[PDB]
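K.L.:
Data file final.csv (CSV, C-alpha atoms and all ligand atoms) is appended below.
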```
chain,number,residue,atom,x,y,z
A,1,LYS,CA,0.1,12.5,19.4
A,2,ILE,CA,1.9,10.8,16.5
A,3,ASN,CA,5.7,11.0,16.2
A,4,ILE,CA,7.5,10.5,12.9
A,5,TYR,CA,11.3,10.0,13.1
A,6,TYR,CA,13.3,10.8,10.0
A,7,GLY,CA,17.0,10.8,9.2
A,8,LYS,CA,18.7,11.6,5.9
A,9,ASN,CA,15.3,11.7,4.2
A,10,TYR,CA,12.7,14.3,5.2
A,11,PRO,CA,9.0,13.2,4.9
A,12,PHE,CA,8.0,16.0,2.5
A,13,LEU,CA,4.8,14.1,1.5
A,14,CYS,CA,3.8,13.4,5.1
A,15,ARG,CA,4.6,17.0,6.1
A,16,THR,CA,2.6,18.4,3.2
A,17,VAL,CA,-0.4,16.2,4.1
A,18,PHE,CA,-0.2,17.4,7.7
A,19,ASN,CA,0.2,21.0,6.7
A,20,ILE,CA,-3.0,20.7,4.5
A,21,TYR,CA,-4.8,19.2,7.5
A,22,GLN,CA,-3.7,22.1,9.7
A,23,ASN,CA,-5.0,24.8,7.2
A,24,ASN,CA,-8.3,22.8,6.9
A,25,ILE,CA,-8.8,23.2,10.6
A,26,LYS,CA,-7.9,26.9,10.5
A,27,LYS,CA,-10.6,27.5,7.8
A,28,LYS,CA,-13.4,25.2,9.1
A,29,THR,CA,-14.1,27.5,12.0
A,30,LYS,CA,-10.6,17.0,18.9
A,31,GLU,CA,-7.4,17.8,16.9
A,32,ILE,CA,-4.6,15.3,16.2
A,33,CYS,CA,-1.0,16.5,16.5
A,34,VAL,CA,1.7,14.9,14.3
A,35,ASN,CA,5.4,15.7,15.2
A,36,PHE,CA,8.3,15.5,12.8
A,37,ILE,CA,11.4,14.8,15.0
A,38,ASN,CA,14.8,14.3,13.3
A,39,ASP,CA,16.6,11.2,14.6
A,40,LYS,CA,20.2,10.5,13.5
A,41,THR,CA,19.7,6.7,14.1
A,42,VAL,CA,17.4,6.2,11.1
A,43,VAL,CA,19.1,5.5,7.8
A,44,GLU,CA,16.8,6.2,4.8
A,45,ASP,CA,13.1,5.6,5.9
A,46,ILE,CA,10.9,6.9,8.6
A,47,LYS,CA,9.9,5.3,12.0
A,48,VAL,CA,6.5,6.3,13.3
A,49,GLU,CA,5.6,6.3,17.0
A,50,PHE,CA,2.0,6.1,18.2
A,51,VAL,CA,0.9,7.6,21.5
A,52,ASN,CA,4.7,1.0,20.0
A,53,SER,CA,6.4,2.1,16.7
A,54,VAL,CA,6.5,0.9,13.1
A,55,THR,CA,8.9,1.4,10.2
A,56,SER,CA,7.4,2.9,7.0
A,57,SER,CA,8.3,5.3,4.2
A,58,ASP,CA,7.2,8.8,3.3
A,59,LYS,CA,5.6,7.6,0.1
A,60,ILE,CA,3.5,5.0,2.0
A,61,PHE,CA,2.8,6.5,5.4
A,62,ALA,CA,1.3,9.5,3.7
A,63,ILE,CA,-1.6,7.2,2.8
A,64,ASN,CA,-2.1,6.5,6.5
A,65,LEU,CA,-2.0,10.2,7.3
A,66,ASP,CA,-4.6,11.0,4.6
A,67,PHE,CA,-6.9,8.4,6.1
A,68,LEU,CA,-6.4,9.8,9.7
A,69,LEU,CA,-6.5,13.5,8.8
A,70,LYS,CA,-9.2,13.3,6.1
A,71,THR,CA,-7.2,15.6,3.8
A,72,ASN,CA,-9.2,14.2,0.7
A,73,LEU,CA,-6.0,13.4,-1.2
A,74,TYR,CA,-6.1,9.5,-1.2
A,75,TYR,CA,-9.3,8.7,0.6
A,76,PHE,CA,-12.2,10.7,-0.8
A,77,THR,CA,-14.4,12.6,1.7
A,78,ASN,CA,-18.4,6.5,-5.9
A,79,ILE,CA,-16.2,4.0,-4.0
A,80,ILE,CA,-15.3,2.2,-7.2
A,81,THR,CA,-13.7,5.4,-8.5
A,82,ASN,CA,-11.9,5.9,-5.2
A,83,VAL,CA,-10.6,2.3,-5.3
A,84,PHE,CA,-9.5,2.9,-8.9
A,85,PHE,CA,-7.4,5.9,-7.9
A,86,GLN,CA,-5.8,4.0,-5.0
A,87,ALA,CA,-4.5,1.4,-7.5
A,88,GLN,CA,-3.3,4.3,-9.7
A,89,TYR,CA,-1.2,5.8,-6.9
A,90,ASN,CA,0.2,2.3,-6.3
A,91,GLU,CA,1.2,2.3,-10.0
A,92,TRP,CA,3.3,5.5,-9.4
A,93,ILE,CA,4.9,4.0,-6.3
A,94,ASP,CA,5.9,0.9,-8.3
A,95,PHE,CA,7.1,3.0,-11.2
A,96,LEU,CA,9.8,4.6,-9.0
A,97,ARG,CA,10.3,1.8,-6.5
A,98,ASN,CA,14.0,0.9,-6.2
A,99,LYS,CA,14.9,3.0,-9.3
A,100,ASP,CA,17.7,5.5,-9.2
A,101,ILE,CA,15.8,8.7,-9.9
A,102,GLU,CA,18.9,10.6,-11.1
A,103,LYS,CA,20.1,7.7,-13.3
A,104,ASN,CA,16.6,7.1,-14.9
A,105,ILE,CA,15.5,10.7,-15.0
A,106,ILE,CA,15.3,10.7,-18.8
A,107,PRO,CA,13.0,7.6,-19.2
A,108,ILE,CA,10.9,8.9,-16.2
A,109,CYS,CA,10.4,12.3,-17.8
A,110,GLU,CA,9.6,10.8,-21.2
A,111,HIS,CA,6.6,9.0,-19.6
A,112,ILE,CA,5.4,11.9,-17.5
A,113,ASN,CA,5.8,14.4,-20.3
A,114,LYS,CA,3.7,12.3,-22.7
A,115,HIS,CA,1.2,11.5,-19.9
A,116,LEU,CA,0.6,15.2,-19.3
A,117,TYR,CA,0.1,16.0,-23.0
A,118,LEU,CA,-3.7,15.6,-22.7
A,119,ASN,CA,-3.9,15.4,-18.9
A,120,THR,CA,-3.9,18.3,-16.5
A,121,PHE,CA,-3.3,16.1,-13.4
A,122,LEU,CA,-1.5,12.8,-13.1
A,123,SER,CA,-4.7,11.2,-11.8
A,124,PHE,CA,-8.2,12.3,-12.6
A,125,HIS,CA,-9.1,16.0,-13.0
A,126,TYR,CA,-8.2,17.1,-9.5
A,127,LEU,CA,-5.2,17.3,-7.2
A,128,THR,CA,-4.4,13.9,-5.7
A,129,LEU,CA,-1.7,12.3,-3.6
A,130,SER,CA,-0.1,11.0,-6.8
A,131,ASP,CA,0.5,14.6,-8.0
A,132,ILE,CA,2.2,15.7,-4.7
A,133,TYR,CA,4.4,12.6,-4.5
A,134,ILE,CA,5.8,13.0,-8.0
A,135,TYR,CA,6.0,16.7,-7.4
A,136,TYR,CA,8.7,16.3,-4.7
A,137,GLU,CA,10.5,13.6,-6.7
A,138,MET,CA,10.6,16.0,-9.7
A,139,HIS,CA,11.2,19.1,-7.6
A,140,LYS,CA,15.0,18.9,-7.8
A,141,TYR,CA,14.8,18.8,-11.6
A,142,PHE,CA,12.0,21.3,-12.4
A,143,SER,CA,12.0,23.9,-9.6
A,144,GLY,CA,14.6,25.9,-11.5
A,145,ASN,CA,16.7,26.4,-8.3
A,146,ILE,CA,19.6,24.3,-9.7
A,147,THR,CA,20.8,26.0,-12.8
A,148,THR,CA,22.2,22.8,-14.2
A,149,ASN,CA,18.7,21.2,-14.3
A,150,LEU,CA,17.1,24.0,-16.4
A,151,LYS,CA,17.3,21.7,-19.4
A,152,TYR,CA,14.5,19.4,-18.0
A,153,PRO,CA,11.8,22.2,-17.9
A,154,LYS,CA,12.5,23.3,-21.5
A,155,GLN,CA,12.6,19.8,-23.0
A,156,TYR,CA,9.5,18.6,-21.1
A,157,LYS,CA,7.0,21.4,-21.4
A,158,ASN,CA,4.0,19.4,-20.1
A,159,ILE,CA,5.8,18.5,-16.9
A,160,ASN,CA,6.9,22.1,-16.5
A,161,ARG,CA,3.3,23.3,-17.0
A,162,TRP,CA,2.0,20.6,-14.5
A,163,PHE,CA,4.8,21.4,-12.1
A,164,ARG,CA,3.8,25.1,-12.0
A,165,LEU,CA,0.2,24.1,-11.3
A,166,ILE,CA,1.0,21.8,-8.4
A,167,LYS,CA,3.4,24.4,-7.0
A,168,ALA,CA,0.7,27.0,-7.0
A,169,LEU,CA,-1.8,24.7,-5.4
A,170,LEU,CA,0.6,23.8,-2.6
A,171,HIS,CA,1.6,27.5,-2.0
A,172,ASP,CA,-0.9,28.1,0.7
A,173,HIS,CA,0.2,25.0,2.6
A,174,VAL,CA,4.0,24.6,2.1
A,175,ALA,CA,5.6,28.0,1.3
A,176,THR,CA,5.3,29.3,4.8
A,177,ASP,CA,6.6,26.2,6.6
A,178,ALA,CA,10.2,27.3,6.5
A,179,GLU,CA,11.1,23.8,7.7
A,180,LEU,CA,9.9,22.0,4.6
A,181,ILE,CA,11.6,24.8,2.6
A,182,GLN,CA,14.8,24.4,4.6
A,183,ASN,CA,15.0,20.7,3.8
A,184,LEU,CA,14.2,21.3,0.1
A,185,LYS,CA,17.2,23.6,-0.3
A,186,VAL,CA,19.5,21.2,1.6
A,187,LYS,CA,18.4,18.3,-0.6
A,188,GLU,CA,19.5,20.4,-3.6
A,189,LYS,CA,22.8,21.6,-2.1
B,1,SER,CA,-20.8,-3.3,-10.8
B,2,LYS,CA,-18.2,-5.6,-12.3
B,3,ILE,CA,-14.5,-6.1,-11.6
B,4,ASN,CA,-12.2,-8.4,-13.5
B,5,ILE,CA,-8.9,-9.7,-12.2
B,6,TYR,CA,-6.5,-11.3,-14.7
B,7,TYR,CA,-3.8,-13.5,-13.3
B,8,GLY,CA,-0.9,-15.4,-14.9
B,9,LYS,CA,0.7,-18.5,-13.3
B,10,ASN,CA,0.2,-16.8,-9.9
B,11,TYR,CA,-3.2,-17.3,-8.4
B,12,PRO,CA,-4.5,-14.3,-6.3
B,13,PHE,CA,-5.2,-16.4,-3.2
B,14,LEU,CA,-5.5,-13.3,-0.9
B,15,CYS,CA,-7.9,-11.5,-3.2
B,16,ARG,CA,-9.9,-14.7,-3.8
B,17,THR,CA,-10.1,-15.3,0.0
B,18,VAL,CA,-11.2,-11.8,0.7
B,19,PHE,CA,-13.9,-12.0,-2.0
B,20,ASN,CA,-15.1,-15.4,-0.6
B,21,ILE,CA,-15.4,-13.9,2.9
B,22,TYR,CA,-17.4,-11.0,1.3
B,23,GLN,CA,-19.8,-13.5,-0.4
B,24,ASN,CA,-20.4,-15.5,2.8
B,25,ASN,CA,-21.0,-12.2,4.7
B,26,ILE,CA,-23.7,-11.5,2.1
B,27,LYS,CA,-25.2,-15.0,2.7
B,28,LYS,CA,-25.5,-14.2,6.4
B,29,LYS,CA,-27.2,-10.8,5.9
B,30,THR,CA,-29.8,-11.8,3.4
B,31,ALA,CA,-30.6,-14.9,5.4
B,32,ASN,CA,-32.2,-13.2,8.4
B,33,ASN,CA,-32.7,-9.7,7.0
B,34,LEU,CA,-35.9,-10.0,5.0
B,35,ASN,CA,-37.5,-6.5,5.1
B,36,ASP,CA,-34.8,-4.9,3.0
B,37,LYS,CA,-25.8,-3.4,-4.3
B,38,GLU,CA,-23.7,-6.5,-4.9
B,39,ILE,CA,-20.3,-6.4,-6.5
B,40,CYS,CA,-19.1,-9.3,-8.8
B,41,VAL,CA,-15.4,-10.0,-9.0
B,42,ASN,CA,-14.1,-12.3,-11.7
B,43,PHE,CA,-10.8,-14.3,-11.6
B,44,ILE,CA,-10.1,-14.8,-15.3
B,45,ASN,CA,-7.0,-16.8,-16.3
B,46,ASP,CA,-5.0,-15.0,-18.9
B,47,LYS,CA,-2.0,-16.6,-20.6
B,48,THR,CA,-0.4,-13.1,-21.3
B,49,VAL,CA,0.2,-12.2,-17.7
B,50,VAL,CA,3.6,-13.1,-16.2
B,51,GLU,CA,3.6,-12.8,-12.4
B,52,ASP,CA,1.3,-10.0,-11.3
B,53,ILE,CA,-2.4,-9.3,-11.7
B,54,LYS,CA,-4.2,-7.0,-14.1
B,55,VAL,CA,-7.4,-5.5,-12.8
B,56,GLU,CA,-10.1,-4.2,-15.1
B,57,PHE,CA,-13.0,-2.1,-14.0
B,58,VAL,CA,-16.4,-2.4,-15.7
B,59,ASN,CA,-9.8,1.2,-17.9
B,60,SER,CA,-7.4,-1.2,-16.2
B,61,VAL,CA,-4.6,-1.0,-13.6
B,62,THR,CA,-1.6,-3.2,-12.7
B,63,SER,CA,-1.3,-4.4,-9.1
B,64,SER,CA,-0.2,-7.5,-7.1
B,65,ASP,CA,-2.2,-10.0,-5.0
B,66,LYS,CA,-0.7,-8.8,-1.7
B,67,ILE,CA,-1.5,-5.1,-2.4
B,68,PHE,CA,-4.8,-5.2,-4.3
B,69,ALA,CA,-6.5,-7.2,-1.5
B,70,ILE,CA,-6.4,-3.9,0.5
B,71,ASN,CA,-8.5,-2.3,-2.3
B,72,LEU,CA,-10.9,-5.3,-2.2
B,73,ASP,CA,-11.3,-5.1,1.6
B,74,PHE,CA,-12.0,-1.3,1.3
B,75,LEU,CA,-14.6,-2.0,-1.4
B,76,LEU,CA,-16.2,-5.1,0.1
B,77,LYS,CA,-16.0,-4.0,3.8
B,78,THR,CA,-14.7,-7.4,4.9
B,79,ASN,CA,-13.3,-5.8,8.1
B,80,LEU,CA,-9.8,-7.2,7.5
B,81,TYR,CA,-7.8,-4.0,6.7
B,82,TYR,CA,-10.2,-1.2,7.1
B,83,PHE,CA,-12.1,-1.7,10.4
B,84,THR,CA,-15.9,-1.1,10.1
B,85,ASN,CA,-9.8,4.2,17.7
B,86,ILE,CA,-9.0,5.3,14.2
B,87,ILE,CA,-5.3,5.7,15.2
B,88,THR,CA,-5.4,2.0,16.2
B,89,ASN,CA,-6.7,1.2,12.7
B,90,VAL,CA,-3.9,3.3,11.2
B,91,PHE,CA,-1.4,1.5,13.4
B,92,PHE,CA,-2.4,-1.9,11.9
B,93,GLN,CA,-2.2,-0.6,8.4
B,94,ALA,CA,1.4,0.3,8.9
B,95,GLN,CA,2.0,-3.2,10.4
B,96,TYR,CA,0.6,-4.9,7.3
B,97,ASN,CA,3.0,-2.8,5.2
B,98,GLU,CA,5.8,-4.1,7.4
B,99,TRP,CA,4.8,-7.7,6.5
B,100,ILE,CA,4.7,-6.7,2.8
B,101,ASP,CA,8.2,-5.1,3.1
B,102,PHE,CA,9.4,-8.1,5.1
B,103,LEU,CA,8.9,-10.3,2.1
B,104,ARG,CA,9.4,-7.7,-0.6
B,105,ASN,CA,12.0,-8.8,-3.1
B,106,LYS,CA,13.1,-11.7,-0.9
B,107,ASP,CA,13.5,-15.3,-2.1
B,108,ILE,CA,11.2,-17.2,0.2
B,109,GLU,CA,13.0,-20.5,-0.4
B,110,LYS,CA,16.5,-19.2,0.2
B,111,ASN,CA,15.5,-17.2,3.3
B,112,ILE,CA,13.0,-19.7,4.7
B,113,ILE,CA,14.9,-20.2,7.9
B,114,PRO,CA,15.5,-16.6,8.9
B,115,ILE,CA,11.9,-15.8,7.8
B,116,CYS,CA,10.5,-18.6,10.0
B,117,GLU,CA,12.6,-17.7,13.0
B,118,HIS,CA,11.3,-14.1,12.7
B,119,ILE,CA,7.6,-15.3,12.4
B,120,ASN,CA,7.9,-17.9,15.2
B,121,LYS,CA,9.1,-15.4,17.7
B,122,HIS,CA,6.2,-13.0,17.2
B,123,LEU,CA,3.8,-15.8,17.5
B,124,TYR,CA,5.3,-17.1,20.6
B,125,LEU,CA,3.9,-14.2,22.6
B,126,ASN,CA,1.0,-13.5,20.2
B,127,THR,CA,-2.0,-15.5,19.0
B,128,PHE,CA,-2.5,-13.5,15.7
B,129,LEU,CA,0.1,-11.7,13.6
B,130,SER,CA,-1.7,-8.4,14.2
B,131,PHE,CA,-3.7,-7.6,17.4
B,132,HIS,CA,-5.9,-10.3,18.9
B,133,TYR,CA,-8.2,-11.1,15.9
B,134,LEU,CA,-7.9,-12.3,12.4
B,135,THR,CA,-6.5,-9.6,10.1
B,136,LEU,CA,-5.3,-9.3,6.5
B,137,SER,CA,-1.7,-9.8,7.8
B,138,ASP,CA,-2.6,-13.3,9.0
B,139,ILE,CA,-4.1,-14.4,5.7
B,140,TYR,CA,-1.3,-12.9,3.6
B,141,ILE,CA,1.5,-14.7,5.5
B,142,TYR,CA,-0.7,-17.8,5.7
B,143,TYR,CA,-0.5,-18.3,1.9
B,144,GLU,CA,3.2,-17.5,1.7
B,145,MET,CA,3.9,-20.1,4.5
B,146,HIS,CA,1.3,-22.6,3.1
B,147,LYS,CA,3.7,-24.7,1.0
B,148,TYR,CA,6.0,-25.1,4.1
B,149,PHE,CA,3.4,-26.0,6.7
B,150,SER,CA,0.5,-27.6,4.9
B,151,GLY,CA,2.3,-30.9,4.9
B,152,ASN,CA,1.5,-31.7,1.3
B,153,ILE,CA,5.2,-31.5,0.2
B,154,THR,CA,7.0,-34.3,2.0
B,155,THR,CA,10.4,-32.5,1.9
B,156,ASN,CA,8.9,-29.5,3.8
B,157,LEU,CA,7.6,-31.6,6.7
B,158,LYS,CA,10.5,-30.4,8.9
B,159,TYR,CA,9.1,-26.9,9.2
B,160,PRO,CA,6.0,-27.6,11.3
B,161,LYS,CA,8.1,-29.5,13.9
B,162,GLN,CA,10.9,-26.9,14.1
B,163,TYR,CA,8.6,-23.9,14.4
B,164,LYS,CA,5.7,-24.9,16.6
B,165,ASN,CA,4.3,-21.4,17.2
B,166,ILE,CA,4.0,-20.9,13.4
B,167,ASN,CA,2.5,-24.4,13.2
B,168,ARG,CA,0.1,-23.4,16.0
B,169,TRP,CA,-0.9,-20.2,14.3
B,170,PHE,CA,-1.1,-21.9,10.9
B,171,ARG,CA,-3.6,-24.5,12.3
B,172,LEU,CA,-5.7,-21.6,13.6
B,173,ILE,CA,-5.8,-19.6,10.4
B,174,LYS,CA,-6.6,-22.8,8.4
B,175,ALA,CA,-9.6,-23.5,10.7
B,176,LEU,CA,-10.9,-19.9,10.6
B,177,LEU,CA,-10.6,-19.8,6.8
B,178,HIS,CA,-12.2,-23.3,6.4
B,179,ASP,CA,-15.7,-22.0,5.9
B,180,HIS,CA,-14.5,-19.7,3.1
B,181,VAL,CA,-11.7,-21.6,1.3
B,182,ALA,CA,-12.3,-25.3,1.8
B,183,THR,CA,-15.5,-25.2,-0.4
B,184,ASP,CA,-14.0,-23.1,-3.3
B,185,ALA,CA,-12.5,-26.0,-5.2
B,186,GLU,CA,-11.0,-23.5,-7.7
B,187,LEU,CA,-8.6,-22.2,-5.0
B,188,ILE,CA,-7.9,-25.6,-3.5
B,189,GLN,CA,-7.1,-26.8,-7.0
B,190,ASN,CA,-4.5,-23.9,-7.5
B,191,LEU,CA,-3.1,-24.8,-4.1
B,192,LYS,CA,-2.4,-28.3,-5.3
B,193,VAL,CA,-1.0,-27.1,-8.6
B,194,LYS,CA,1.4,-24.6,-6.9
B,195,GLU,CA,2.7,-27.4,-4.6
B,196,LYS,CA,2.6,-30.0,-7.3
C,1,TB,TB,12.6,3.9,20.5
C,2,TB,TB,7.8,-4.0,13.3
C,3,TB,TB,-14.8,17.1,-4.6
C,4,TB,TB,-15.3,5.6,-14.9
C,5,TB,TB,-15.6,5.8,6.0
C,6,TB,TB,19.2,-18.0,14.0
C,7,TB,TB,-19.0,-23.7,10.3
```
Go through the file and emit its structure as structure tokens.
Ligand SMILES: [Tb+3]
Ligand SMILES: [Tb+3]
Ligand SMILES: [Tb+3]
Ligand SMILES: [Tb+3]
Ligand SMILES: [Tb+3]
Ligand SMILES: [Tb+3]
Ligand SMILES: [Tb+3]
P.N.:
Amino acid sequence: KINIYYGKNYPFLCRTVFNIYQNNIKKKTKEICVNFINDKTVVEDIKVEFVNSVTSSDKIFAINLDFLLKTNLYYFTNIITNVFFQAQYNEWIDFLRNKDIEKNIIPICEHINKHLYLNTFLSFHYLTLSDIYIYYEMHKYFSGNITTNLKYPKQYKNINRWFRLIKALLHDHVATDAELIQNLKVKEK
Amino acid sequence: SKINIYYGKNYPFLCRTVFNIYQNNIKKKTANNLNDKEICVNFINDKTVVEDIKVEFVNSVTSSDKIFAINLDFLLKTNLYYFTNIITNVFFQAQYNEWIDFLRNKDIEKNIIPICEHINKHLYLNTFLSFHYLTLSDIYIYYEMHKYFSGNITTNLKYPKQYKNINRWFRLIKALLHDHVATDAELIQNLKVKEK
């Protein structure tokens, strides 16, 4: 039993990692249960309770969940290649750390668009935690739900192509949640 | 395999200490085990690095000393961040990130008093920063607090007397790391340079 308390921010990355773990169990045929309780007394990050509590963030505690749940997104199920990726994910964390995403959306997209010119995935040649983290950060700009944001997919074709790929890969794990989906629409309201 | 860490003006004490522990762990294996894959990590001084570390694998990545030590502990199995039950391990990993966030973008000199008051209290009831054994949290905070409790800088001699629990814990971590850091010379030299 692990309890994750969230407030204004919903842990999309942690929820997605947990959903992937659940579908891995349903297809492999003791199990660890992670609960996502909404607490009004948390401001912008997540507090995680182990059954003591700690304060973390969605971008960072998802690394812990991948370790625990063996979802094969951050910890691979050679080591030097694994360690190299872990530093690459840290590069993406530092790239958006304490940056206003909306204010710096253009410089962010310019780097991602050029990065995806000859790259299918953000890291290596397979889906990683880096792809999913940036996917939710770019979701409000490239999902096409907000009509005002349709200029980003047309101008940045590589991001739009990559965005469609990650969306399709996550379809079997996130499209049925109806709680992750609910928080996605609220975040774009 | 080969890994090169390029540093500028900041010496990666945490990464150096982790690597030194790994080397002394190898020296205890080969000594008694005689019937039956070593990694070499280089600490190259580059003038064109400002405050972080550049790590090259032999493509390169950009990291920091406080964060890349987690990667080194994973690779070298030094038993400081990844324990070689799992939920308890995960709980510690979040605690180390709390210490990282506690000093993230904070001026250590300006907030030295509130930082020390926070650290002393935890230590009043606890021997180590995390759990009851030496962890990566202890070593990371040890080097951040080193210039204030080592007693080399005469103006900073007030801190050991005012915060005894930190001073107690600092003495312990220094003794535990003595077999791995006191013989380096290269690190000791950078300790003296940093503290002038
Ligand atoms: Tb509580
Ligand atoms: Tb805490
Ligand atoms: Tb594979
Ligand atoms: Tb390679
Ligand atoms: Tb393992
Ligand atoms: Tb006070
Ligand atoms: Tb000894």
K.L.:
Kindly give the distance, in Å, that separates atom CA of residue B:174 and atom CA of residue B:132, rounded to a single decimal.
P.N.:
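These atoms are spaced 16.3 Å apart.
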K.L.:
Between B:95, B:135, B:111, B:167, which is the closest to ligand TB 2 (chain C) once you count all atoms listed in the file?
P.N.:
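The shortest atom-to-atom distance to ligand TB 2 (chain C) comes from B:95.
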K.L.:
In terms of the shortest atom-to-atom distance over only C-alpha atoms and all ligand atoms, which of B:42, B:1, B:137, B:127 is closest to ligand TB 4 (chain C)?
P.N.:
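Looking only at the distances to ligand TB 4 (chain C), the closest residue turns out to be B:1.
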K.L.:
Which residue gives the smallest distance to chain A among B:94, B:5, B:15, B:69, with all atoms listed in the file counted?
P.N.:
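Looking only at the distances to chain A, the closest residue turns out to be B:94.
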K.L.:
Chain A near chain B within 8 Å: what's each residue's closest atom pair and its distance in Å to one decimal, counting all atoms listed in the file, ordered by chain then ascending residue number, as JSON lines?
P.N.:
```
{"residue": "A:50", "atom": "CA", "partner": "B:91", "partner_atom": "CA", "distance": 7.5}
{"residue": "A:54", "atom": "CA", "partner": "B:94", "partner_atom": "CA", "distance": 6.6}
{"residue": "A:55", "atom": "CA", "partner": "B:98", "partner_atom": "CA", "distance": 6.9}
{"residue": "A:56", "atom": "CA", "partner": "B:94", "partner_atom": "CA", "distance": 6.8}
{"residue": "A:61", "atom": "CA", "partner": "B:94", "partner_atom": "CA", "distance": 7.3}
{"residue": "A:64", "atom": "CA", "partner": "B:90", "partner_atom": "CA", "distance": 6.0}
{"residue": "A:67", "atom": "CA", "partner": "B:90", "partner_atom": "CA", "distance": 7.8}
{"residue": "A:68", "atom": "CA", "partner": "B:86", "partner_atom": "CA", "distance": 6.9}
{"residue": "A:79", "atom": "CA", "partner": "B:75", "partner_atom": "CA", "distance": 6.7}
{"residue": "A:80", "atom": "CA", "partner": "B:75", "partner_atom": "CA", "distance": 7.2}
{"residue": "A:83", "atom": "CA", "partner": "B:71", "partner_atom": "CA", "distance": 5.9}
{"residue": "A:84", "atom": "CA", "partner": "B:61", "partner_atom": "CA", "distance": 7.8}
{"residue": "A:86", "atom": "CA", "partner": "B:71", "partner_atom": "CA", "distance": 7.4}
{"residue": "A:87", "atom": "CA", "partner": "B:61", "partner_atom": "CA", "distance": 6.6}
{"residue": "A:88", "atom": "CA", "partner": "B:61", "partner_atom": "CA", "distance": 6.7}
{"residue": "A:90", "atom": "CA", "partner": "B:63", "partner_atom": "CA", "distance": 7.4}
{"residue": "A:91", "atom": "CA", "partner": "B:62", "partner_atom": "CA", "distance": 6.7}
```
K.L.:
Could you tell me which of B:140, B:193, B:129, B:154 comes closest to residue B:169 if we count all atoms listed in the file?
P.N.:
B:129
K.L.:
Mind giving me the straight-line distance from atom CA of residue B:180 to atom CA of residue B:22 in Å, one decimal?
P.N.:
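Going from atom CA of residue B:180 over to atom CA of residue B:22 covers 9.3 Å.
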K.L.:
What is the distance between atom CA of residue B:84 and atom CA of residue A:20, in Å to one decimal?
P.N.:
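Going from atom CA of residue B:84 over to atom CA of residue A:20 covers 25.9 Å.
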K.L.:
Find the residues with any atom within 12 Å of (11.4, 23.3, -17.3); use all atoms listed in the file and the coordinates as given in the file, and write the answer as a PyMOL selection string.
P.N.:
chain A and resi 109+113+138-164
K.L.:
List all protein, DNA and RNA residues that have an atom no more than 9 Å from any atom of ligand TB 5 (chain C), counting all atoms listed in the file, and report them as a PyMOL selection string.
P.N.:
(chain A and resi 75+77) or (chain B and resi 82+84)
K.L.:
So that I can check the surroundings of residue A:41, please list as a ChimeraX atom specification every protein, DNA and RNA residue that reaches within 10 Å of it, counting all atoms listed in the file and ignoring chain neighbours fewer than 3 positions away.
P.N.:
/A:5-8,38,44
K.L.:
Could you tell me, counting all atoms listed in the file, which protein and nucleic acid residues lie no more than 8 Å from ligand TB 6 (chain C), written as a list in words?
P.N.:
residues 113, 114 and 117 of chain B
K.L.:
Using only C-alpha atoms, which residue out of B:46, B:146, B:36, B:130 lies closest to residue B:188?
P.N.:
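Using only C-alpha atoms, the shortest distance to residue B:188 belongs to B:146.
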K.L.:
Just want the 8 Å neighbourhood of stretch 69-74 of chain A, counted on only C-alpha atoms, with same-chain residues fewer than 6 positions away dropped. Output as a ChimeraX atom specification.
P.N.:
/A:17-18,20-21,24,32,63,82,85-86,127-129
K.L.:
Using all atoms listed in the file, which residues of the polymer chains come no farther than 10 Å from ligand TB 7 (chain C)? I'd like the answer as a list in words.
P.N.:
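Using all atoms listed in the file, everything at most 10 Å from ligand TB 7 (chain C) comes to residues 175, 176, 177, 178, 179 and 180 of chain B.
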K.L.:
Around ligand TB 1 (chain C), out to 10 Å and counting all atoms listed in the file, which residues are there? I want them as number ranges by chain.
P.N.:
A: 5, 41, 47-49, 52-53
